[PDB]
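sharing an experimental structure here, sequence included.
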Amino acid sequence: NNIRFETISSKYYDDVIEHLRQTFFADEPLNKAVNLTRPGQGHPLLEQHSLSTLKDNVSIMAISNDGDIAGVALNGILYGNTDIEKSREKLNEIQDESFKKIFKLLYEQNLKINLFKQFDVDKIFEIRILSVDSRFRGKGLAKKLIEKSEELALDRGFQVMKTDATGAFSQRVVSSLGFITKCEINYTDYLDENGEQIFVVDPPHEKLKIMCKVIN
């Protein structure tokens, strides 16, 4: 099209969450592996998290001439001084078994690195969701969304960006933009206390990679 990129404001939150319900949530490798939701259905915890993220006012949408959401990068701000009981309490608090499996894997992997210390920063710009509507694929929008995200991050004074990339496509995009893998795990190697694979994921997804880029 003539696609436009904009920071996502509150008037677009509903439109964005609907885009996710329709195009993203059920297709995400881990969500799909544990049958977290169904196409179009959404999920209260996923949506609560996405709304909280949106309110950080650093997310980007690609929007078409007729105002359709072509794609989004939902980005959040992580602080180095955030309490370390925060996550491990919620891990205990969740009633959704499947969601808890996902939360647990991401928490565990994040324990293995400390980017705040590694790069001496008090805040990090986190790419949380990268999503492009099938109608709009092949236009390079995923990569452009991350490029615009970096532009905004730099403008807002960030020096480090981070993403916990669960899928192969987003991994390829961020790799192509200079992100480096700091931590990784193969889904086939991640087993429960009873010995079976916790996430059986569809090809081409193979690994969870925690990836980062120094931008300033």
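Right, received. Where do you want to start? Residues are numbered from 1 along each chain as shown.

in this protein, which spans are helices?
13-23, 29-33, 44-54, 86-93, 97-110, 115-119, 141-155, 168-176 (DSSP state H).

identify whichever of those helices lies nearest to residue 68.
Closest approach to residue 68 among the helices of the chain (Cβ to Cβ): helix 13-23, 8.6 Å. Heads up, the C-betas are built off the backbone N, CA and C, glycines and all.

quick one: contacts of that closest one?
8, 39-42, 46-47, 50-51, 54, 59, 61, 69, 72, 74, 129, 131-134 (Cβ atoms under 8 Å, 6 or more residues apart in numbering).

what about 7 Å?
Residues from elsewhere that reach helix 13-23 (Cβ atoms under 7 Å, 6 or more residues apart in numbering): 8, 40-42, 47, 50-51, 54, 61, 69, 72, 129, 131, 133-134.

let's have the helices of the chain in TSV, adding mean neighbour count and distance to residue 125.
Putting those into TSV (neighbours: other Cβ atoms under 10 Å; distance: least, Cβ to Cβ, whole Å) gives the following:
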stretch	mean neighbour count	distance to residue 125
helix 13-23	18	18
helix 29-33	20	22
helix 44-54	17	12
helix 86-93	11	19
helix 97-110	16	16
helix 115-119	14	11
helix 141-155	19	4
helix 168-176	18	12
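
how much space separates the nearest residue to residue 122 once chain neighbours are set aside from residue 193?
Spatial nearest neighbour of residue 122, chain neighbours left out: residue 80 (4.6 Å); criterion: Cβ to Cβ, 6 or more residues apart in numbering. Going from residue 80 to residue 193 by Cβ to Cβ, to the nearest Å gives 32 Å.

thinking again about what came up before, who's in contact with the residue nearest to residue 122?
By Cβ under 7 Å, 6+ apart, the neighbours of residue 80 are 116, 121, 122, 123.

tell me which of the helices of the chain lies nearest to residue 189.
helix 97-110 (11.8 Å).

quick one: list the elements packing against that closest one.
Where contact means 3 or more Cβ pairs under 7 Å, 6 or more residues apart in numbering; DSSP states H and E, helix 97-110 is packed against helix 86-93, strand 207-214.

distance check, the residue nearest to residue 122 against residue 97.
In terms of Cβ to Cβ, residue 80 sits 31 Å off from residue 97.

just residue 86 next, same as before
21 Å.

likewise residue 23?
25 Å.

over to residue 135?
For residue 135, the distance to residue 97 - Cβ to Cβ - is 34 Å.

residue 117 now?
33 Å.
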